[PDB]
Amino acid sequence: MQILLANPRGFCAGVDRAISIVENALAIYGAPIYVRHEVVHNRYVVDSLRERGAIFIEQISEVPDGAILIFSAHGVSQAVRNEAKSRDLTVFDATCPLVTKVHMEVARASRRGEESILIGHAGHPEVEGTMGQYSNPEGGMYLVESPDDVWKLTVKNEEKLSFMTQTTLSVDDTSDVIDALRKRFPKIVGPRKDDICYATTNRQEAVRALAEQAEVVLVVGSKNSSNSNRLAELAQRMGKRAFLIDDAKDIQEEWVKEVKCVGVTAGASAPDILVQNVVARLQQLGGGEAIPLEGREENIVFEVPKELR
């Protein structure tokens, strides 16, 4: 059994920054450090930090006075930011620069009272945060997930309409949604393509190449990781068996019995150590040396704020 590794895979720049924000806050101020929501959607990263004295919470009320609070990489609504602003807290923001970029455009629309449409998945925290940048009752903020959602949407003024997307969507599905918005709302304005980040685009391209060599694809990532789900999905749609797994223990041997070529990738929130353990397990089940495929280069790093160095 040949083991192949997708490239790129694993940690993106936003994840690496957000984890280091929490680590360094814990290093400078000691435990406990409060973090609103899982800093990233990876159980292993969260349990690590948790056991290091970071405390994950879901509302600002849970955080006491004089505390340190980190916003997760997914970002937060204005309402959440304001509730923190005026609550005697030291706040550090681990929101990924590539989410903040989308936030600034929703805010722009809201100020001009012009309607905005977000392409994304209902109830995800990025979506909550991004919708929660729009506040103007004169305009509106709408969520669509599919072409059908678009075909059903009515707006107040379609002459003054913009769109934005979640950063971790399927490139192909999103493209279909955008073609729909453009056919329904010919004046709609948006980015040249979408707001899907480089990491999501790159990992999707990478898992495509992987899937055309491997019969089975394992994706290391947690169940609530949107980007990780897209990777498994993409492989499955190519007709390969694909499984989303937190770690090596989740591998059931039937999945790879009599499989000649197995592929492994990782979502953007999944540490390389997890991939290493998965590969060790596959080798126990009869795989050889892991061969990394050729991949598109990634070179972006996002530094922590000066005051967290």
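Numbers follow the displayed sequence, beginning with 1.
Worksheet item: Averaging C-alpha B-factors over each stretch, which comes out higher, 277-285 or 48-56?
Response: Taking the mean B-factor of the alpha carbons in each, 48-56 is higher.
Discussion item. Highest mean C-alpha temperature factor of the two stretches 240-248 and 25-33, which is it?
Written reply: Higher mean C-alpha B-factor in the PDB entry: 25-33.
Discussion item. Sorting 147, 120, 139, 125 by Cα temperature factor from the record, which one lands on top?
Written reply: If I rank 147, 120, 139, 125 by C-alpha B-factor, first place goes to 139.
Item to complete: Could you say which of 182, 101, 108, 203 has its CA atom at the highest B factor, as listed in the PDB entry?
Response: Going by the entry's C-alpha B-factors, 108 comes out highest.
Worksheet entry | Chain third (lowest, middle, highest) by recorded CA B-factor, residue given as residue 74 | For residue 74, whose C-alpha B-factor we compare with every modelled residue in the chain, the answer is the lowest third.
Practice prompt. Could you say whether, by C-alpha temperature factor, residue 171 belongs to the lowest, middle or highest third of its chain?
Written response: As the PDB entry reports it, the C-alpha B-factor of residue 171 lands in the lowest third of its chain.
Fill in: Assigned third (lowest, middle, highest) for the C-alpha B factor of residue 162
For residue 162, whose C-alpha B-factor we compare with every modelled residue in the chain, the answer is the middle third.
Worksheet item: What third of the chain, by the recorded C-alpha B-factor, contains residue 93?
Response: Ranked within chain, residue 93 CA B lands in the middle tercile.
Item to complete: Sorting the chain's modelled residues by C-alpha B-factor, tell me whether residue 151 ends up in the lowest, middle or highest third.
Response: Residue 151: CA B-factor falls in the middle third of its chain.
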